[PDB]
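Below is one structure, written out as structure tokens; the observations come after it.
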Amino acid sequence: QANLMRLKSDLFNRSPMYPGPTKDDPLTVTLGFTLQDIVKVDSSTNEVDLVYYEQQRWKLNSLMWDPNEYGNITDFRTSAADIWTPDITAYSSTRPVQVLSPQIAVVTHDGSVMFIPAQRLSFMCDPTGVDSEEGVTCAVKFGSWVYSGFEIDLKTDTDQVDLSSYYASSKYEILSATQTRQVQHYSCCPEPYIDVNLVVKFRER
Amino acid sequence: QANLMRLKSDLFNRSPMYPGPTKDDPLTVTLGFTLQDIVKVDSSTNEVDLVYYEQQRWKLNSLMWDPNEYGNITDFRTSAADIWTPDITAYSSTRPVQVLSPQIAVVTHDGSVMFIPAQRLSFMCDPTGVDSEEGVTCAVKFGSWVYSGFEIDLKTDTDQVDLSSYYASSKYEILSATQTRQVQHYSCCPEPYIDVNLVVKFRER
Amino acid sequence: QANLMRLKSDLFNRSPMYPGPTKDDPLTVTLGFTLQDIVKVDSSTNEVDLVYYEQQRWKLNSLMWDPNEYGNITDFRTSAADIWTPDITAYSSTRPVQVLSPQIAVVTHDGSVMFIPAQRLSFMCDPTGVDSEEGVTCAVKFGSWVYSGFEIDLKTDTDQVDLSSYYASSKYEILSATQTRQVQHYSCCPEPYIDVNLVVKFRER
Amino acid sequence: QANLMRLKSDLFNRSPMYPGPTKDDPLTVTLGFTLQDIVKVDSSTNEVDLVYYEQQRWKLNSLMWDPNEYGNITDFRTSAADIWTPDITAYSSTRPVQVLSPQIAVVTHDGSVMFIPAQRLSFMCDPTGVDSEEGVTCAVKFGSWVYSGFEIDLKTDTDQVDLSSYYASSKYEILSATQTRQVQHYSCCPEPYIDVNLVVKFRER
Amino acid sequence: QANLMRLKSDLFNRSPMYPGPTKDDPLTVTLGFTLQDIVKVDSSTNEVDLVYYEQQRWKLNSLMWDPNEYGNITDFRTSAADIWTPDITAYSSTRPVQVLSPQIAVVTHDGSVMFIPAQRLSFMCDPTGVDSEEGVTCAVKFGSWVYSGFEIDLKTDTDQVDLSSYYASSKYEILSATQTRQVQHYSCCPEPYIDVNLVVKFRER
Ligand SMILES: NC[C@@H](OCc1ccc(Cl)cc1)c1ccccc1
Ligand SMILES: NC[C@@H](OCc1ccc(Cl)cc1)c1ccccc1
Ligand SMILES: NC[C@@H](OCc1ccc(Cl)cc1)c1ccccc1
Ligand SMILES: NC[C@@H](OCc1ccc(Cl)cc1)c1ccccc1
Ligand SMILES: NC[C@@H](OCc1ccc(Cl)cc1)c1ccccc1
Ligand SMILES: [Br-]
Ligand SMILES: [Br-]
Ligand SMILES: [Br-]
Ligand SMILES: [Br-]
Ligand SMILES: [Br-]
């Protein structure tokens with residue numbers, strides 16, 4: 001309690017907040033998805049609503065501390081507003097992302113920050129053939145809105161999406177779910193742009 | 001009036017806010033449900049809307065005071081933003097929780113805090129067989145999003161859900177309603193994961 | 001202008017805000033309703049949407065002043081956020097209350113505060129028989145969420161609801177509208193729980 | 001840039017904010033409407049949605065300055081939260097007013113403030129006969145919620161509503177649109193109550 | 001990291017925020033659109049929902065710095081709340097604009113600021129003839145709500161709208177998309193009013 005109050009004061013009130021990664025000091029943001037349910041499928045507007053967990057993970061030198069100095073505290077929990085968070089957003093989103101969980105991140109002594117917010121995302125997806133046996137395949141690209149490849153480097157611990165937490169009595173069943181890291185190049189800009197393409201193949205139950 | 005103004009000033013303006021429970025200093029959060037109505041049942045998207053009271057109860061040493069010192073004041077009411085609140089959220093939620101009551105908590109001299117917000121929750125539930133006599137059973141797990149068993153220990157005063165405040169002229173009648181405390185242990189991590197499973201068996205009137 | 005600026009400064013900037021009524025210093029909150037329209041009636045979910053004026057009235061010793069001292073000012077208007085307001089909310093509400101008017105209260109020299117916000121409330125009501133000649137009767141209890149009878153004492157100036165401001169070309173006509181003060185007791189505790197029961201009998205036009 | 005920063009600092013940071021008009025110091029608020037479109041017409045709930053511009057105009061002695069003293073600056077733009085705004089709201093509104101434009105006001109050297117927010121208003125209107133050639137007439141009264149005639153005096157520069165900005169390919173065409181200043185007198189209270197009655201006669205295209 | 005923290009501190013914490021452009025010091029705001037999808041088309045209310053990128057670009061002398069002085073930093077990213085942003089809004093909007101991306105702007109050493117927020121806009125558009133081969137043409141004017149031509153001068157780098165990022169499996173295909181700069185003078189006011197007219201010709205797939 002007392003040691004934890006001193007730790008948060010020496011990390012946020014003492015040192016100024018992280019201004020973001022630069023080309024000289026890049027940051028590696030490892031992200032993984034945990035698909036919960038395909039709630040709505042709109043064939044009239046070509047919109048699909050997803051319920052998932054966006055496991056965001058990054059390591060900062062500014063959020064590093066010795067546990068021995070702060071009463072053997074290895075890790076702590078703090079609000080997402082108190083710390084810097086990556087701007088990883090869906091490029092093909094149709095409606096603003098609805099946060100279903102409290103925005104709280106876990107910070108460890110080595111500076112590794114883990115933030116897993118539960119989100120409801122309505123994105124661009126044509127569901128023509130969802131009632132079919134082969135189903136319909138729909139992709140949605142996730143990545144940094146302003147930072148490029150030289151600033152934020154996206155990573156995936158596994159190519160497979162976590163479907164263990166998926167709703168058993170869902171209206172739509174998953175046939176395939178993959179999170180592939182893609183390195184894109186744009187004519188405008190010489191810098192590369194990394195994006196995690198969430199490809200989901202689903203059909204009606 | 002005058003003694004109450006001094007009490008709130010000596011508790012919030014003097015001492016810094018609670019940073020959250022740690023492994024060394026755990027917290028026991030006792031929660032109970034009071035089901036009011038099953039407003040909406042969506043068979044098209046497998047979503048069910050519930051109106052209930054989430055009776056959150058926890059004891060803090062920081063919010064302790066002697067009533068004799070503060071003009072025999074045994075308890076007081078303060079905004080939920082002024083004090084620390086547990087991150088108890090539904091794991092199978094589809095849409096953000098709608099708060100129907102003012103977020104105000106009751107703090108007693110022994111440090112016990114009681115916060116009962118009225119909420120509207122839309123969660124994952126297959127209502128196939130709601131028109132049947134046996135009805136349909138739907139569960140929703142409630143627990144801390146970031147804190148584990150070593151930090152927040154969930155508790156239930158009773159295994160039965162309060163149905164005395166349930167709407168008599170509701171579209172759906174309750175056959176069974178139970179709030180069971182579940183302790184999950186995984187091969188990954190040695191920490192326990194406590195969640196209150198709200199199981200409700202209901203049918204059409 | 002100049003005398004009014006000094007009055008508001010000597011009342012809010014000088015003295016700290018009202019912490020709420022205690023058992024030793026109780027408060028009498030007189031409330032009355034002015035029904036405007038029954039906008040929506042949902043037979044599918046048993047929800048009824050009401051448009052009304054909640055005339056909240058209470059007297060505080062802290063908001064008392066001599067008009068002769070402040071340039072013969074008898075009363076003034078201030079934002080509902082600047083002053084303390086009672087937590088009077090509908091116990092059978094289904095969706096959060098939508099405020100249709102600016103939240104501004106009128107404070108008189110004797111300390112009497114009048115706050116009349118226009119609200120849209122969607123509450124639990126079975127409308128089976130609204131198309132009938134006798135119509136359907138639906139009640140909704142209004143009261144303090146955290147304070148009991150020893151802290152907040154509810155009062156009604158009249159048992160009849162103001163229907164003079166009711167919409168003439170409404171889809172539903174009012175047959176009866178009453179605001180009854182009800183006292184609820186529990187064996188445990190000696191504190192009474194006062195609530196204003198808004199009973200409305202209506203039918204289709 | 002530099003002269004404008006000094007001007008805003010000498011007007012808001014120096015002098016305290018306007019507490020509102022009193023009986024001794026009344027304020028004249030001139031308002032005009034610019035109807036854009038009749039988006040929705042609900043015959044089931046007797047609700048009509050309007051898209052319009054509410055041109056609010058008032059003169060304050062506190063917001064007066066000499067342009068010669070502040071580098072020949074005749075007028076400036078500031079947020080609606082930084083200055084005092086009148087509580088002009090629709091008395092027959094069914095849903096909260098949706099603001100479609102940024103809430104920014106234009107303040108001139110003579111103290112005249114102009115605030116024109118684009119709004120979407122859902123109000124009480126029976127549309128029985130909208131498909132007819134003569135159409136349907138629907139009125140909505142606009143006025144101060146707390147201030148009476150002795151505090152806020154409403155004014156209209158013209159009795160005709162601006163229909164030059166009205167959508168040509170709208171589902172409903174305007175036959176007549178008038179903004180009439182009405183003074184209401186009650187035997188109860190000697191104070192008058194001024195309201196701008198927006199009368200619109202429309203039919204299907 | 002260290003040089004970037006000093007740069008943001010010397011730009012925002014040192015100098016006060018931009019008060020907005022004046023007649024003496026005008027600002028040129030270059031804006032371009034990147035149409036993603038025509039999600040909804042409502043023939044009942046004459047409303048059309050668009051998903052697009054509003055590329056806002058302006059140069060400020062206050063946000064200028066020498067990269068050699070701040071460790072060869074050419075550009076940085078900061079929140080849209082930390083800096084001044086133009087009040088560019090759609091004049092024919094029916095519902096408030098939904099922001100789908102994080103509001104973060106890119107600031108370069110020469111003072112050029114680029115802010116590209118992804119937005120969902122529901123505006124006035126008659127879709128009679130969308131099922132036809134020639135399709136339906138719908139325009140929406142974009143511009144500063146309070147600042148005139150003498151304060152904010154709108155510009156377009158190209159007359160053609162970026163359709164490279166448009167959804168291939170959309171319900172509606174684009175036949176033509178143009179962003180035309182229009183300078184209109186009104187009888188009311190002596191100042192010119194510049195607006196970017198987004199004209200889109202589309203049909204069903
Ligand atoms: N298409 C998604 C993303 O692409 C990366 C990118 C960024 C800037 C530019 Cl100038 C070009 C490309 C994006 C993000 C923000 C705006 C436009 C596009
Ligand atoms: N499903 C909701 C919750 O489950 C508890 C839980 C946590 C971690 C692990 Cl490894 C297993 C289970 C949750 C909270 C945070 C992250 C992911 C999930
Ligand atoms: N039934 C609605 C409301 O009643 C007031 C009341 C408060 C406390 C107690 Cl111990 C009993 C009743 C309410 C509000 C909050 C919690 C439980 C109930
Ligand atoms: N209709 C909105 C407002 O009208 C002004 C008005 C004030 C007093 C009276 Cl007695 C009548 C009308 C209002 C505000 C409070 C109560 C009732 C109405
Ligand atoms: N139609 C869009 C815009 O037109 C420019 C304009 C500005 C002020 C005035 Cl007094 C007249 C016209 C606008 C912006 C604000 C209010 C009304 C209209
Ligand atoms: Br940080
Ligand atoms: Br606390
Ligand atoms: Br008060
Ligand atoms: Br002001
Ligand atoms: Br700025």
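Naming scheme: A, B, ... for chains in displayed order of the structure tokens; residues 1 onward per chain; ligands 1 onward as shown.
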
Residue neighbourhood residue A:109, 12 Å, only C-alpha atoms, exclusion window fewer than 3 positions, as a list in words: residues 7, 8, 11, 59, 60, 61, 62, 63, 64, 65, 66, 67, 68, 69, 70, 71, 72, 73, 74, 75, 76, 77, 106, 112 and 113 of chain A

Closest contacts (chain A/chain E, max 12 Å, only C-alpha atoms) as a Markdown table:
```
| residue | atom | partner | partner_atom | distance |
| --- | --- | --- | --- | --- |
| A:15 | CA | E:5 | CA | 10.2 |
| A:16 | CA | E:5 | CA | 7.6 |
| A:17 | CA | E:5 | CA | 8.3 |
| A:18 | CA | E:5 | CA | 7.6 |
| A:19 | CA | E:5 | CA | 6.0 |
| A:20 | CA | E:77 | CA | 7.3 |
| A:21 | CA | E:1 | CA | 7.1 |
| A:22 | CA | E:1 | CA | 7.1 |
| A:23 | CA | E:73 | CA | 8.8 |
| A:24 | CA | E:1 | CA | 8.5 |
| A:25 | CA | E:1 | CA | 6.8 |
| A:26 | CA | E:1 | CA | 9.7 |
| A:27 | CA | E:1 | CA | 11.1 |
| A:42 | CA | E:39 | CA | 10.5 |
| A:43 | CA | E:171 | CA | 9.1 |
| A:44 | CA | E:171 | CA | 7.9 |
| A:45 | CA | E:39 | CA | 5.3 |
| A:46 | CA | E:171 | CA | 6.8 |
| A:47 | CA | E:39 | CA | 7.7 |
| A:48 | CA | E:39 | CA | 11.5 |
| A:60 | CA | E:1 | CA | 10.9 |
| A:61 | CA | E:1 | CA | 10.3 |
| A:62 | CA | E:1 | CA | 9.7 |
| A:84 | CA | E:79 | CA | 11.4 |
| A:85 | CA | E:102 | CA | 11.1 |
| A:86 | CA | E:102 | CA | 9.9 |
| A:87 | CA | E:102 | CA | 6.4 |
| A:88 | CA | E:102 | CA | 8.6 |
| A:89 | CA | E:101 | CA | 6.6 |
| A:90 | CA | E:101 | CA | 8.1 |
| A:91 | CA | E:101 | CA | 8.2 |
| A:92 | CA | E:36 | CA | 7.8 |
| A:93 | CA | E:100 | CA | 6.7 |
| A:94 | CA | E:51 | CA | 6.5 |
| A:95 | CA | E:100 | CA | 6.2 |
| A:96 | CA | E:100 | CA | 4.7 |
| A:97 | CA | E:100 | CA | 7.1 |
| A:98 | CA | E:100 | CA | 10.5 |
| A:121 | CA | E:100 | CA | 10.2 |
| A:122 | CA | E:100 | CA | 10.3 |
| A:123 | CA | E:39 | CA | 9.9 |
| A:124 | CA | E:167 | CA | 7.6 |
| A:125 | CA | E:169 | CA | 7.6 |
| A:126 | CA | E:169 | CA | 6.1 |
| A:127 | CA | E:169 | CA | 9.8 |
| A:128 | CA | E:169 | CA | 9.9 |
| A:137 | CA | E:169 | CA | 12.0 |
| A:138 | CA | E:169 | CA | 10.5 |
| A:139 | CA | E:169 | CA | 11.7 |
| A:140 | CA | E:167 | CA | 11.5 |
| A:142 | CA | E:101 | CA | 11.3 |
| A:143 | CA | E:101 | CA | 10.9 |
| A:144 | CA | E:102 | CA | 9.4 |
| A:145 | CA | E:102 | CA | 7.2 |
| A:146 | CA | E:104 | CA | 7.1 |
| A:147 | CA | E:77 | CA | 7.8 |
| A:148 | CA | E:77 | CA | 11.1 |
| A:151 | CA | E:76 | CA | 10.3 |
| A:186 | CA | E:164 | CA | 11.4 |
| A:187 | CA | E:164 | CA | 11.8 |
```

Dump as a PDB file, in the first residue's frame, selection limited to C-alpha atoms:
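File produced: part-v2.pdb:
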```pdb
ATOM      1  CA  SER A  15       9.275  12.054 -14.623  1.00  0.00           C
ATOM      2  CA  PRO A  16       7.186  13.610 -17.497  1.00  0.00           C
ATOM      3  CA  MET A  17       4.898  11.305 -19.575  1.00  0.00           C
ATOM      4  CA  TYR A  18       6.268   9.372 -22.618  1.00  0.00           C
ATOM      5  CA  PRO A  19       6.066  11.631 -25.742  1.00  0.00           C
ATOM      6  CA  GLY A  20       5.888   8.629 -28.112  1.00  0.00           C
ATOM      7  CA  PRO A  21       8.468   6.568 -30.061  1.00  0.00           C
ATOM      8  CA  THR A  22      10.758   8.291 -32.605  1.00  0.00           C
ATOM      9  CA  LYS A  23      12.811   6.937 -35.594  1.00  0.00           C
ATOM     10  CA  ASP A  24      15.980   6.995 -33.371  1.00  0.00           C
ATOM     11  CA  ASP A  25      14.210   5.190 -30.448  1.00  0.00           C
ATOM     12  CA  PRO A  26      11.678   2.702 -31.978  1.00  0.00           C
ATOM     13  CA  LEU A  27       9.095   0.680 -29.989  1.00  0.00           C
ATOM     14  CA  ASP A  42     -25.687  -6.878 -41.459  1.00  0.00           C
ATOM     15  CA  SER A  43     -26.179  -7.947 -45.114  1.00  0.00           C
ATOM     16  CA  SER A  44     -28.063  -4.666 -45.877  1.00  0.00           C
ATOM     17  CA  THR A  45     -25.110  -2.311 -45.043  1.00  0.00           C
ATOM     18  CA  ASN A  46     -22.177  -4.877 -45.258  1.00  0.00           C
ATOM     19  CA  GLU A  47     -21.264  -4.344 -41.543  1.00  0.00           C
ATOM     20  CA  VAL A  48     -20.111  -7.046 -39.064  1.00  0.00           C
ATOM     21  CA  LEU A  60       9.410   1.008 -21.865  1.00  0.00           C
ATOM     22  CA  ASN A  61      12.734   1.953 -20.184  1.00  0.00           C
ATOM     23  CA  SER A  62      10.982   4.885 -18.387  1.00  0.00           C
ATOM     24  CA  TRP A  84       1.107   6.246 -22.802  1.00  0.00           C
ATOM     25  CA  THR A  85      -0.881   3.812 -25.012  1.00  0.00           C
ATOM     26  CA  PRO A  86      -0.369   2.850 -28.716  1.00  0.00           C
ATOM     27  CA  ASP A  87      -2.865   4.192 -31.290  1.00  0.00           C
ATOM     28  CA  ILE A  88      -3.652   0.707 -32.748  1.00  0.00           C
ATOM     29  CA  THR A  89      -7.041   1.046 -34.531  1.00  0.00           C
ATOM     30  CA  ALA A  90      -8.994  -0.870 -37.218  1.00  0.00           C
ATOM     31  CA  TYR A  91      -8.515   0.768 -40.652  1.00  0.00           C
ATOM     32  CA  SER A  92     -11.846  -0.611 -42.031  1.00  0.00           C
ATOM     33  CA  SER A  93     -14.047   0.409 -39.002  1.00  0.00           C
ATOM     34  CA  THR A  94     -17.603   1.717 -39.733  1.00  0.00           C
ATOM     35  CA  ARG A  95     -18.701   2.824 -36.202  1.00  0.00           C
ATOM     36  CA  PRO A  96     -16.617   4.023 -33.148  1.00  0.00           C
ATOM     37  CA  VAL A  97     -15.099   1.174 -31.070  1.00  0.00           C
ATOM     38  CA  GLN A  98     -17.174   0.391 -27.928  1.00  0.00           C
ATOM     39  CA  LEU A 121     -16.046  -3.311 -33.383  1.00  0.00           C
ATOM     40  CA  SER A 122     -18.408  -2.764 -36.348  1.00  0.00           C
ATOM     41  CA  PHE A 123     -16.303  -3.005 -39.559  1.00  0.00           C
ATOM     42  CA  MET A 124     -16.564  -3.320 -43.402  1.00  0.00           C
ATOM     43  CA  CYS A 125     -17.355  -6.978 -44.323  1.00  0.00           C
ATOM     44  CA  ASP A 126     -19.558  -8.429 -47.116  1.00  0.00           C
ATOM     45  CA  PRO A 127     -21.402 -11.410 -45.518  1.00  0.00           C
ATOM     46  CA  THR A 128     -22.706 -12.870 -48.837  1.00  0.00           C
ATOM     47  CA  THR A 137     -14.042 -14.825 -45.116  1.00  0.00           C
ATOM     48  CA  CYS A 138     -13.667 -11.262 -43.746  1.00  0.00           C
ATOM     49  CA  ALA A 139     -10.444  -9.362 -42.971  1.00  0.00           C
ATOM     50  CA  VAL A 140      -9.804  -6.190 -40.906  1.00  0.00           C
ATOM     51  CA  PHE A 142      -5.139  -3.251 -37.320  1.00  0.00           C
ATOM     52  CA  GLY A 143      -2.273  -0.801 -36.907  1.00  0.00           C
ATOM     53  CA  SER A 144      -0.895   2.564 -35.772  1.00  0.00           C
ATOM     54  CA  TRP A 145      -2.819   5.536 -37.219  1.00  0.00           C
ATOM     55  CA  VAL A 146       0.081   8.083 -37.152  1.00  0.00           C
ATOM     56  CA  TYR A 147       3.331   6.115 -36.394  1.00  0.00           C
ATOM     57  CA  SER A 148       5.099   4.237 -39.252  1.00  0.00           C
ATOM     58  CA  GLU A 151       8.514   4.325 -34.992  1.00  0.00           C
ATOM     59  CA  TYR A 186       2.895   3.458 -49.930  1.00  0.00           C
ATOM     60  CA  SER A 187       3.857   5.630 -52.984  1.00  0.00           C
TER      61      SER A 187
END
```

Test item, alpha helix (DSSP H) assignment across stretch 1-150 of chain C, answer as JSON, numbers by chain: {"C": [2, 3, 4, 5, 6, 7, 8]}

For residue B:133: contacts at 7 Å, only C-alpha atoms, fewer than 2 positions along chain excluded, given as a ChimeraX atom specification: /B:131,135,203

Can you list every residue in stretch 8-185 of chain C that DSSP puts in strand (DSSP E), as a PyMOL selection string? chain C and resi 27-42+47-59+75-79+88-90+98-99+104-108+112-115+118-124+136-144+152-155+172-184

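The smallest atom-to-atom distance between ligand 5 and any of D:13, D:158, D:164, D:79, using only C-alpha atoms and all ligand atoms, is found for D:164.
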